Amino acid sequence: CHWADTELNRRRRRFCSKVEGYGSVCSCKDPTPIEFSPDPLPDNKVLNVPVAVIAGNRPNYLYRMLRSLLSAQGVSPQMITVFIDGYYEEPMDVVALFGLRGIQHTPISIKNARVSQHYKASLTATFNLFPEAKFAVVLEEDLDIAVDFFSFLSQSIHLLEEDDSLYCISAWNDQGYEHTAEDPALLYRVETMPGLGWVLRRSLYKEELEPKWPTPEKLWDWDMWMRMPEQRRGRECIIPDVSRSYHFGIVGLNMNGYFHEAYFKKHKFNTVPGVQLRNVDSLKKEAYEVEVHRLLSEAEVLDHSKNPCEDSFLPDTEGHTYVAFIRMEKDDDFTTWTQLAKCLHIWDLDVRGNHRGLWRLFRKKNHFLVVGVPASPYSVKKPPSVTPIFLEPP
């Protein structure tokens, strides 16, 4: 082609001369913009946090994910680094087309152990690239990034700095499905590490995780290892009710077409720009227990003689707060919750969403609290008239 001789189009020639399958990027007329104009973020508290993009040999996914990353408000392209698990040519070509920094890594070990070793190399490299950074954003190559991803991190990053009980901040709510998530200004505390767009504290990585990172022979998933008690240690992460990332990768290490249609396709994705988070400082450890007690003292107790698995369980309402109590006789008795999550059509393969035996979600746009009795500390608010709901698997 004869595109106008500028730096952006010279970058375009070298790419379009080498690879195929990207459509309007390579057309003569109608060239797709390969530079973006996201909106500015006034007073950006995240402006000096590096962003680590983890990638393998999935060049089409990476190009899709980078287009939404470069479109988010308040993004800093200079802070982005793409870490590729190997020396594949096409992924490096895609990084070059957008003009970002790329780092290649020779693969170590096999299967999930090799994903684990790549993560460890990338996290250690990020904190070597910026010796003064205190956090780092970790992003997978198969995620769409919400347009307010950095606005969300900018307003909440100060919680990691002030609350030592916090493990991380994540963009992903495991129980935020299209029919059970509603409020993009709302945040929770959860007893797990969700990943899928998360913030890592440098002191946590350099002083705790890196010295005991699993060696290459162990066929362990890095994220399941980080959820083990010996790593998390009772700490919690901050998540929003409406997720700020979306997992679109169908071809992956543990991913197939069926598992995606069943547990990811219906995940809710925030599209409202520049949301102001509501009362952020209440997510600190002791202030949050004040908030949960306030929520439980305004919630209407539901009729527990009715079927929990059907819509009739709640009055025909919008905007109310209802509470339900389920049987949980030890800190690990999740039998009823798992059956409840299955019939609610949310995540039910391993337990997530819990905070001291409490689950928070939405049902027909009412806030819906679930309390485990007798194990939860909040069991003290169950009236005598309620017999906790119990359901066992067939």
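Throughout, we count residues from 1 along the sequence that is shown.
- Checked against the record, the higher mean CA B factor of 53-61 and 23-31 lies with 23-31.
- For the two regions 365-373 and 39-47, the entry's Cα B-factors average higher over 39-47.
- The top Cα temperature factor in the record, among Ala262, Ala96, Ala146, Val292, falls on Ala262.
- When the C-alpha B-factors of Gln175, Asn254, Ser165, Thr215 are ranked from the entry, the top spot goes to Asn254.
- Ranked by C-alpha B-factor against the other modelled residues of its chain, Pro315 falls in the highest third.
- Residue-level temperature factors show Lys111 in the middle third of its chain, judged at the C-alpha atom.
- Ranked within its chain, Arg356 lands in the middle third, by CA B factor from the PDB record.
- For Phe325, the recorded CA temperature factor ranks within the lowest third of the chain's modelled residues.
- The entry lists a Cα temperature factor for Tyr258 that places it in the highest third of the chain's modelled residues.
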